[PDB]
Amino acid sequence: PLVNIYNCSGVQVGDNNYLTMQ
Amino acid sequence: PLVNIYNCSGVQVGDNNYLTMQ
Amino acid sequence: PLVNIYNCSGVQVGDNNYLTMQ
């Protein structure tokens, strides 16, 4: 359920097409 | 379900066309 | 379903044309 991330870059709950960045 | 992210950058629940940033 | 993000930058549920930023 709740995550409360407040990050500062790439993230994903988790599913198809895994993210990237640079 | 609920996520409650409050992040400060790129983020995907998770699906096709995985995100990018710079 | 519900996400309740309240972030402060780029984000996407997840689909085609993965986002960018700078």
# chains A, B, ... in the order shown; residues from 1 in each chain; ligands from 1
call {"tool": "residues_around", "arguments": {"residues": "residue B:9", "least_positions_apart": "2", "cutoff": "7 Å", "atoms": "only C-alpha atoms", "output": "list in words"}}
result
residues 7, 8, 9 and 10 of chain A; 7 and 11 of chain B; 8, 9, 10 and 11 of chain C
call {"tool": "calpha_fit_and_write", "arguments": {"fixed": "chain B", "moving": "chain A", "output": "compact mmCIF listing (two decimals) with C-alpha atoms, in the first residue's frame"}}
result
# COMPACT_ATOMS: atom_id res chain seq x y z
CA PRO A 1 -3.21 0.62 -4.46
CA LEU A 2 -2.37 3.88 -2.70
CA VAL A 3 1.24 4.97 -2.88
CA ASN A 4 1.52 8.44 -1.29
CA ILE A 5 4.79 9.26 -3.05
CA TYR A 6 5.47 13.01 -2.54
CA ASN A 7 8.80 12.60 -4.30
CA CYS A 8 10.76 15.19 -6.22
CA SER A 9 11.54 13.49 -9.56
CA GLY A 10 10.84 10.80 -12.15
CA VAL A 11 8.60 7.91 -11.16
CA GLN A 12 6.10 5.42 -12.58
CA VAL A 13 3.67 2.80 -11.27
CA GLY A 14 5.13 0.40 -13.82
CA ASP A 15 4.19 -0.30 -17.42
CA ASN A 16 5.48 0.10 -20.97
CA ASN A 17 8.01 2.74 -22.07
CA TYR A 18 10.23 2.96 -18.99
CA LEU A 19 11.00 6.57 -18.08
CA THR A 20 14.20 8.60 -18.29
CA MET A 21 15.52 11.88 -16.91
CA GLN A 22 18.72 13.91 -16.76
